[PDB]
Each structure stands twice: as structure tokens, then as C-alpha cells.
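Taking the form deposited in one PDB entry, here's one chain by itself in C-alpha cells.
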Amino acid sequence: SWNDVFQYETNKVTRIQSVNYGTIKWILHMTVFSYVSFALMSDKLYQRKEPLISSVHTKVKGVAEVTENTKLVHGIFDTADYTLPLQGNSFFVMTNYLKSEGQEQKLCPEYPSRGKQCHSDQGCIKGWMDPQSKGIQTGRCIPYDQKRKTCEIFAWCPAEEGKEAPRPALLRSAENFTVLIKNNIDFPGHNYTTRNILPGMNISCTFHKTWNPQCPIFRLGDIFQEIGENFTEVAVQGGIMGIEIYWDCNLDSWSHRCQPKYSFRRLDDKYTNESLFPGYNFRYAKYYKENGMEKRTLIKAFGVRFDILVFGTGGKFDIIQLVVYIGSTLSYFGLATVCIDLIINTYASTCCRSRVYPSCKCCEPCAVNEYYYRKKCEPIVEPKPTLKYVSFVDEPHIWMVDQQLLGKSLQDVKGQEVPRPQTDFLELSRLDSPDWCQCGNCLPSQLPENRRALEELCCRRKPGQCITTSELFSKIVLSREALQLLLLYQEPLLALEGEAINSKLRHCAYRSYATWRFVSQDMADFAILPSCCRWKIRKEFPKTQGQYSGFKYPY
């Protein structure tokens, strides 16, 4: 009970003083260790990594001049005139505009854009809502001008929807505008927070990839040129540009590095279909009361929407992550054992000696793997009731008959051949007949016919002299003195009298013959004695008034 808990099992091992195998094992161990360490260090798998939460504050600086008309109108544009109040992750800068002043909710012809003309009142629908014209049709075609006529619509009039964006863009000088971006990032799980601007930074700096990669002041034209985009062309219809701020932050004290990396990427497709609203624009309405009427000035503003995308992760050493990674990678250190054991098993096979070695003599010295295999593995078979081992004096090996005997004599059955183990030279360094019989000394079995084929076995497969004729048979098997000595060794105070001693001697003779002709006790316990030897043993130690049971299954 208590002693059961107080046990430790250690595997039995064979150590081989081999230069090749030791070198291979150490090389594989070092390779596995190097790869594991490189991965752990390269991927920071010892670090628990967290995503950041970001806040962005943008400030746009720049002044623009316009001289556009029917009178020549001079106009000044400041931040309040081309920027919306929003100053977060996205900010919009106007680069072009179409103005429709003094709009009133009434009837008017629709602008003739992209084949919008009509040639009859019936052609244009009545009550149809046209998002393109932004008005409700009255079913009449009215003259937009002298030459072309367009359908009447109830809408904000005059209606200029469909008018092409002015070219060149009016606010081209927006390329010279600057934007200051303040980014505050926090890793809430790591209890860390930082910002893209730190004390001691130059305030007159402008961002550059190489000279000033940390300056958070960006020129829009420089942003466009950094990625091969033409600000002048994009200004006509507008677009979307993304300013990516990447935070590859290491929060370990010994390797602390939390710096932003700035990049730019056009976010709107350059080749958008004309029907899918290419570019970026929106309509801005200014409502005012004139006299006693409500009027609207509509601005179709085209510009570049700057999306500030902030992403990244913060890594900090975690014991659990390192433990998990080490546990995952531990099993890879058995690669050396697996490979060397596979080599030993493969080179132990006889196939390589018969075929591979004669063809290639370089792989000859690896025949030593047979010795390693025989010192490493001990093959055994299932001890089932049908297991039987037979040895013939003429033949040098043993046969394993594990099949049921369905009347056919055991001699006739073939079985499968197995080798004879060496008989422990260390301990050995001391001083008419039945049809199936081929020795002339066998007799028919006295067992029931249903189980008689077991004892229908001869000492040899071909005619010749019986094994009993050898003097060793009498010395080992029939020598009463030797069997008595063995029994006394097992039972020092044994009583050498009665039929019990005869039965003990018969069993000892059976065991002696089995050990002599089969060597291993595993095979001896399942061996089958030949009829000649069995009956000679019984004739030396006859049973008075009983019937012989014969071989019995140990299990």
C-alpha cells in the first residue's frame, strides 16, 4: 500500500561508445536548440503582445488665394474655409469647389450633363425622383438655353449638378499646406502610454523618410510625392489618402523601444468607374434668410480626405507565454533519439547485407547496427494456447507452430522458422514405426484422438538416427542422478521415495530436454517433446496407475 506510492521507474538503457552516433546526436540537439532560440527571439514568443488604443489630434496650417468669377471675385481661404471642425482620425482639406449661390426651392431646368437632354415633354417622367438631378420631375421638357432643353424639376434652383470639376483645381496651393499630427497611444494591459512628440523635438522640422522620419509635421504635397502620387491631378476630383502610423513597441526595460513609423497609402481607387463617384467630394449647404425668403448656397467641395490609421502592438515579457513555448518545443529534442533508433533498426535488417552491402561497400561498416539492435530489443511473442515450438535434430533452427491442429499431425505442419539463442557459453564453460516417424523409436499417442496430433511429432524431419542414441540424452535427460541433484537444489530436503519422485523426475527430464534443445525458457515452456524422447523418459520413470496428461498450457 504505502510502498506502492514510494516507487520510481527508470528506463533501462544501452549506451553506445560510438563517435558517429554521438556526433549526430549533438549536432541535432544543437540544431533544434538554435532554431528554437532563434524563433523565440525573432518572434518574441516570450512576450505577451497587446494592441494599442490611439487618439489623434490634427492641426492644419495654410492659406489659399483664389481669383474666380459675372465679376472677378477675389477670395481668401483659411482653415475655417476649407476644413471641417472634425480633427480626429480623419481630416478633410478642400482642393476644388463648384459654387451655386442663391438657391431657392422652386422649378427649374436640370443641368445638361452626360446626355441629359430631352426633345419632348412626354419623354421626361412626372413625379420621378432623380438622385442625379436631385429634383422631382414635372413631366415637361423646358429650354435650359437657346440650343438645348432639359426636363423641368422641383429642386434647389439654379441647379448645377453634373457640372464637371474645374480644371486646374482652384485650391492647388493646398499642396503647400502642412498638418501637425499628435498621436497618443496606450497599451492598457501593459499599463503603458506614450505619444509621437517628445521633449526636445525640432519645431521647424518637416517630415522626411530619411532626414526627419520622426517629425510629425507633414506637407501634403510631400505626402503625395513620397508614394508617386500627383497632387495637382488628384486635387481636381479629390481622393482619400491614408497616413499609417505603426507602433512596433517593445516595453521590456532592457530592450525598451516604442517609436512610431510613418507611411502613406492611397485609399481610393485610381481607376474607379465614372458611375461609382470617382474621387472624393461632398455637398456643403449654407442657409441664409434674404428679405423674407430662405436661400441656400451649395458648395460641391472636392478634396483629399486624410485618414490617419494607427496600429501596432506592445510586447512585454510574460512567464506563462515563455513556459508554453518551451513546453511546445521540448518534444523536438527527441529528434536525435528518433533518427538514431531508426538508423539502428533499419541497418539491423538482413536485407541490407544480402542486397545493399554487395552493391555499395561504403555502407558496409554499418553492419554493427545488428549488434546494437540485438543489445537493444528483446522480441517476444504472445503466449497463446496454440503456441508450439518444435526442434529437429537434423535441422539447426526451431519452428513455431502457433496454428490450431485440426487433425493434421504436428510433424506434417510446417510453422515458421526461428533462430536458436546462444546457450550461455559462460554457464556452459564447465565439464513398424508410425508413418510420421523418421527415427524408429516413436510410438502412437495415448491421448484422445481430438488432441492426438500434438504428440505426433518425431525428433527429425528425415530418416536417420534418433536423438536418444546420443550419450548427452542419457546424461541430461535420463540421468537419475542429475535430475535428483536438480530437485535437491530446488528442494534440499526432498524425499526420494514414492511415485511423487517419479513424477518430479519425469517433469525435470521434460524441462531438461526443452532447455537443451530450445535454450530460452520462453520457447522451452511452449516446446513439444518428440514422441521417442517423451516415451523414453516415461519408460525411465513410468507412471504406475495413471494416464499421462501431456503438454499443458501454462496460462
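One rule holds for the numbers: they count along the sequence shown, beginning at 1. Rigid core (definition): largest C-alpha set, two forms, superposition within 1.5 Å.
From this point on, the text means the form deposited in another entry, which you will not see here.
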- [ ] Tell which of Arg452, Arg305, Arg219, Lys149, after superposing on the rigid core, has its C-alpha displaced by 2 Å or more between the shown form and the other one, please.
- [x] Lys149
Task: Rigid core superposed: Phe473 CA moves 2 Å or more between the shown form and the other one - done: no
TODO: Tell me, please, whether between the shown form and the other one the C-alpha of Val418 is shifted by 2 Å or more, with the rigid core used for superposition.
DONE: no
TODO: Indicate whether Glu110 shows a C-alpha shift of 2 Å or more between the shown form and the other one, with the rigid core used for the fit.
DONE: yes
